[PDB]
Amino acid sequence: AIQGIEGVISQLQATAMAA
Amino acid sequence: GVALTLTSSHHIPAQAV
Amino acid sequence: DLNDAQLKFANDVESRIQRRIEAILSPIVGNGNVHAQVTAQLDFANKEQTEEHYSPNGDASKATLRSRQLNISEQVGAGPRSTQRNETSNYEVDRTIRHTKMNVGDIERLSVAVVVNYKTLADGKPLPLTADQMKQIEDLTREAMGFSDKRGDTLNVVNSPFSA
Amino acid sequence: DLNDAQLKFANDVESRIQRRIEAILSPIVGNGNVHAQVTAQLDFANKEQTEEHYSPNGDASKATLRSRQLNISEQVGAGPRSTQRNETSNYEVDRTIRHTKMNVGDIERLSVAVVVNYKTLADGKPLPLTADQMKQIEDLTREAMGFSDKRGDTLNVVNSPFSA
Amino acid sequence: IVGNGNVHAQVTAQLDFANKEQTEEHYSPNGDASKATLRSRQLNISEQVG
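So, about the interface of chain A and chain D. Taken together, the contact pairs five residues of chain A with five residues of chain D. Between chain A and chain D, roughly 570 Å² of surface is buried when both sides are summed, and carbon and sulfur atoms account for 74% of that area. Taken together, the connections running from chain A to chain D amount to zero salt bridges. Here the side of chain A that touches chain D is built from residues that sort into five nonpolar, no polar and no charged.

Strand order in this open sheet of five strands is β3(D)-β4(D)-β3(C)-β4(C)-β1(E), and the pairing throughout is antiparallel. The open sheet terminates on both sides in strands that have one partner only, identified here as β3 (64-74) of chain D together with β1 (40-48) of chain E. In this sheet, neighbouring strand axes are inclined to one another by 5° on average, regardless of whether the strands run parallel or antiparallel. Relative to strand β4 (residues 82-92) of chain D, β3(D) is paired through ten bridges, and the arrangement is antiparallel. Note that in β4(D) the partner of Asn71(D) across the bridge is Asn86(D).

Moving on, we come to the nonpolar core. Membership of the largest hydrophobic core comes to 32 residues, with the highest contact counts inside it found for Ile21(C), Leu25(C), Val112(C), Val114(C) and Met145(C). Within the residue set of this core, elements represented by two or more residues are α1 (2-29), β1 (34-43), β6 (106-116), α2 (131-145) and β9 (154-159) of chain C together with β6 (106-116) of chain D. The leading source of residues in this core is α1(C), at nine residues. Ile21(C) has contacts with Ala36(C), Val38(C), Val112(C), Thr141(C), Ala144(C) and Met145(C), leaving out every residue within four places of it along the chain. Within the second largest apolar cluster, 23 residues are counted, among which are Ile21(D), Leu25(D), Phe44(D) and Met145(D).

Calculation criteria
Residues numbered from 1 in each chain as written, not as in the entry; some residues may be left out. Chains lettered and ligands numbered in written order. Part of a larger assembly, values for the part shown. Heavy atoms only, no water. Residues with missing side-chain atoms left out of burial classes, pairs and counts. Contact = heavy atoms within 4.5 Å. Buried area = accessible area lost by both parts, 1.4 Å probe. Salt bridge = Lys/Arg side-chain N within 4 Å of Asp/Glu carboxyl O. Nonpolar A, V, L, I, M, F, W, Y, C, P; charged D, E, K, R; others polar. Pairing = 2+ DSSP bridges. Helix = DSSP H or I, 4+ residues; strand = E, 2+ residues; numbered from the N terminus. Axes fitted to C-alpha atoms, helices over the stretch in contact; angles between N-to-C directions. Core = buried A, V, L, I, M, F, W, Y, C linked by side-chain atoms within 4.5 Å. Buried < 20%, exposed > 50% of the residue type's maximum accessible area, 1.4 Å probe, protein only.

Below, the structure is given as structure tokens:
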């Protein structure tokens, strides 16, 4: 989904912050 | 030994032999 | 109700296209020596579209892989040869989702009718215009109206002496 | 309602492009010796797009791996040879997600009509301009209008004596 | 051109007052291996020549 890809990029940002 | 990685549902799992 | 608003929208668009044509056609042909009218076929249908595109991965050079199992067996005894290749591949593909909401009130097809006057010299003889000047008027009107071929726009400019 | 706001937006954009053209065309051709009008085909459609790109990993040199199992067997008795290679590879791939929300009100196709006057010397004879000057005017108008070929912009500049 | 009063015209219009709603679905063909997008592929090949 478009919103699904939005969620994927959001989880990538989450990984960035966690690191 | 190393079962190939399945990213989604369509991806086919590793076949043993 | 809404139909009247749409009709007024069409009238304003047509009037502004008419004024834009008249603005450039005035300095060379002269005030009142040019008349133009515009009709517009508009788009008042609400459309929503979602597009999904997958990049092809049939070529091994552009294919992105996550897991690959390649079992190869060759029991040579061509004789009693025995070849066996079991290949399993999981791919990751490029994906592009486009969501589009078309604007309500867009122009579908514009047709414009322009009429020019003759040229009355100091004597008063209504001398008609020339082919080059007519071509220039056609080009200017095409530029002003936003002429396009995908829309299906039609333009007609004719030369005739105006009545009293 | 919203259609009128969009139309006023288009009118302001067209007027500002017209003024920008007139500003540079004034010092050389002269005040009033140049008239230009602009029409703009705009984009009032809300679009949202998400793009996913995977870097290819088919070449072993750029392939990133997490786990790899390579079972190799060669029972030589070509004779009664027996080769067997079971290879399992798990890869990690580069990933790029781009989320784009296109602006509402962008320009799709701009067509501009410009008309210049003749040159009346001290005697008063309306001497037409030259080819080099016409080319200079065309280049200046292309620069002012932001002429581009991807959009599909069309420009037409013609020379003709202005009416009284 | 013709003059005031030297022209008369009347228009009749057949209009559309029927509410229509339409949903369209289109699939790009993938029968050619060059434009076919794949997620998983298993190809077992065996040749026992005697």
